[PDB]
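The chain below stands alone, shown as structure tokens; this is the form deposited without this ligand.
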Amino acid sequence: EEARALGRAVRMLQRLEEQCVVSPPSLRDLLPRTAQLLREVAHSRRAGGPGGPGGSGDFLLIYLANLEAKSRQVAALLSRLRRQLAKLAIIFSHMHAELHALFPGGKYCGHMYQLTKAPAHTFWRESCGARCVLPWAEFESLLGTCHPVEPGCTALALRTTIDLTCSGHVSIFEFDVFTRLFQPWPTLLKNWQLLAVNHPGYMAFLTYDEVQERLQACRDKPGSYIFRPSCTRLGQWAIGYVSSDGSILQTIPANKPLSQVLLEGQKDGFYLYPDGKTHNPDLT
């Protein structure tokens, strides 16, 4: 089943690559890179880590079925089109990074993978053990031992934030990215609600060029700013802002809580008008 699956995915990605004849994330770059990695996986599987649910084989069954669905979406598409293709480029960027994180060189390391933030690392290994991936519903219940989310719109917004590959399952890599972006751990979901649900400056699933474009609407309003997850340095934020002369710049800040970075930038007079809006929310 697994070798057939890998063969099918590699062929779908070859078709897309041939049908796709810009700056990161770019499908034209990501398609052949993902197919090469899949080939590396396939070789390595024919010679594994801890067995059972959430292990290497389970991860690949899920990942490859999602990669097929996403590859069908791209195929079906080749202004609205520009957006649909940018969102899919971000999704493929995330699928490629997740497979590179968990099977570098084709060789599974999900049972050894270590999260960036120590409290989150501990939470995953104590709660999930050697597993590298969980279905959303099981993840939501496990995370709920520590950081419960309100069912409904809130929990669904959380799902959309965490699930980088839009697969319905949370890998240890996605949880690594989420807990870096929304650190610190003791207040994880309060940080996320304040920054990603309630803050006008937060944009999800936008590329560097899409924020450059969006902020042109506010170029006569120095101080205007937006923040969104970097697509090339996953786990870090990218803040776009209109400088004093009207130019649109983007910076990746220091590895610290985004709230501290935004508080400092407000106090220094750089991040004043979130998405160009008049009211900056209080983050204290």
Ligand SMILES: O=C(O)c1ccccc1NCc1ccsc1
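Only residues modelled in both forms are compared. The term rigid core refers to the most C-alpha atoms you can superpose between the two forms while keeping them within 1.5 Å. Just count from 1 along the sequence shown to find any residue number.
Heads up, the form solved in complex with this ligand isn't pictured, but that's what we're talking about next.
- Placed here by superposing the C-alphas around the site, this ligand (as posed in the bound PDB entry) has at least 3 atoms within 2.4 Å of backbone or C-beta atoms: blocked pocket.
- Here the marked residues 119, 180 and 184 all miss this ligand in the bound PDB entry; none has a heavy atom within 4.5 angstroms.
- Proximity to this ligand in the bound PDB entry, defined as a heavy atom within 4.5 Å, holds among 253, 257, 52, 246 only for 52.
- The contact with this ligand in the bound PDB entry, taken as any heavy atom within 4.5 Å, belongs to 131 out of 96, 159, 131, 169.
- Shown alone here, residue 224 lies farther than 4.5 Å from this ligand in the bound PDB entry, counting heavy atoms only.
- This ligand in the bound PDB entry comes within 4.5 Å of a heavy atom belonging to residue 111.
- The closest heavy atom approach of residue 48 to this ligand in the bound PDB entry falls within 4.5 Å.
- At the 4.5 Å threshold, heavy atoms of residue 34 stay clear of this ligand in the bound PDB entry, well away from it.
- The partner is not drawn, yet in the bound PDB entry one stretch among 53-61, 23-31, 231-239, 214-222 has residues with heavy atoms inside 4.5 Å of this ligand: 53-61.
- Listed in sequence order, the runs of at least 3 residues with C-alpha movement of 2 Å or more between this form and the one not shown, after fitting the core, are 48-52, 79-81.
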